[PDB]
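Here we start with a single chain on its own, the form deposited in one PDB entry, put down as structure tokens.
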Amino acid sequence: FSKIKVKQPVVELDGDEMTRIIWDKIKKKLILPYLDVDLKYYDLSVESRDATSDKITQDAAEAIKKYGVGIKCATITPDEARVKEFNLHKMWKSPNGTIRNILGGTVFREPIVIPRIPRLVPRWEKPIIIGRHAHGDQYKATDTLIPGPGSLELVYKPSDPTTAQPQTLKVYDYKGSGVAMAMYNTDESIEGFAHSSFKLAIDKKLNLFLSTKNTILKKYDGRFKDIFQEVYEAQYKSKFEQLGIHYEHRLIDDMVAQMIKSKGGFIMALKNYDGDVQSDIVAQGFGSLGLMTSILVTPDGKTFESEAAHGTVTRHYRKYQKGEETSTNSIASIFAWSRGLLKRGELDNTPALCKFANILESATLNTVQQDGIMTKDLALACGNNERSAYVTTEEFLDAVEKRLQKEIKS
């Protein structure tokens, strides 16, 4: 009978397939009925991006930068096949790469633990956080094929040939056809990455591990290991020793293994690509991709981009296309909204907003924890192949709706 007035505007980026269905239903029954928010809509569906020539993604990202908070829905990243499917103009770049490259920062990811649910990696009991660097490397590289024999070279030409000097490093000499590419990153980005990773370790009282491959990419990865170590000793080694938490660099090999056999409970900082890949493993490993939150934070600490860790769940969308029933977990999507709404509230000092968010969350999880109403993904975790063990994609969302309404009378 009353609505919470949200101060500043929230930027919303709509997506594709299964996740677009879930999204809408979420803001219809779970968000709009309770909030007086000014949503600045941006449709990032393939058809929208195509028609707009990906320009909209530029606009969306710059909207987020402006207003501070963004809630993004899963989106189809066009690969040859996709182009055929939607008869696209170009084979557009992942909008996630464009946004992330525009905003910068780290993408913090961690599973949503529902006690009632088992775990694929049983020994894991305490949440594992992934601090994926969002800025460069291969999500902003320059790949290209190489026709026939010739020389490959990476060339650098300074602006002021007085403080530095040119470089022409011979990369290879093809004797046949193949591929090549080059990527990059900056000291500025890595430093923010480090600052954001040390802060979260301190804020959550968890040990921090930076994983790299510095024994191979001696200079490249070495810059990561070194800046981290520099910043640490510079202004965290104090609060860390005082908190009982340690920072340590390890080789990615050792770390992913150390993790697979641990009880979870620590922060893993990784380069973009590793943050990307491993986050999925952690996700799937704690239960299902349906139970992992994701949020990009800028070094500022005043800009956010909330999203689910998974994709558009195409495989499930395909079933939905042919009148077949679906059991897609919407929990990450709900949290994508709640966590977005949370940062919105802290930024504007609107505790009414933050409270609602925790209620949204508390009700979403309890519908599983308490009432035992879960989708197929979580059902297979408990060990029940039986169809009568789970509910549909819409049935679940309705149960969350119902329990939310109850938990709002208190």
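Quick note: we count residues from 1 along the sequence shown, nothing fancier. Whichever C-alpha set is largest while still superposing within 1.5 Å between the two forms counts as the rigid core.
As the entry records it, the average C-alpha temperature factor is higher for 315-323, out of 130-138 and 315-323. The question of which stretch, 262-270 or 176-184, has the higher mean Cα B factor is settled in favour of 176-184.
Listed residues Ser279, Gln235, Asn214, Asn101 were ranked by CA B-factor as deposited; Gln235 comes out on top. Within the selection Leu291, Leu208, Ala74, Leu145, the deposited Cα B-factor values reach their highest point at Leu145. Remark: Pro111 belongs to the middle third of its chain, ranked by C-alpha B-factor as recorded. When the modelled residues of the chain are ordered by their C-alpha B factor, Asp38 lands in the middle third. In this PDB entry, the Cα temperature factor of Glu47 sits in the bottom third of its chain's modelled residues, the lowest group. Among the modelled residues of its chain, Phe396 has a C-alpha B-factor that falls in the middle third, as given in the PDB entry. Ranked by C-alpha B-factor against the other modelled residues of its chain, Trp337 falls in the lowest third.
Omitted from view is the form deposited in another entry, to which the following refers.
Among the candidates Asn207, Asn101, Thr298, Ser94, displacement between the shown form and the other one reaches 2 angstroms at the C-alpha for one position only, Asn207 (superposition on the rigid core). Pairwise change in that other deposited form: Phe304 and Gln138 C-alpha atoms lie farther apart than in the shown form, at least 3 Å. Distance between the C-alpha atoms of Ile295 and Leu243: shorter by at least 3 Å in that other deposited form than in the displayed form.
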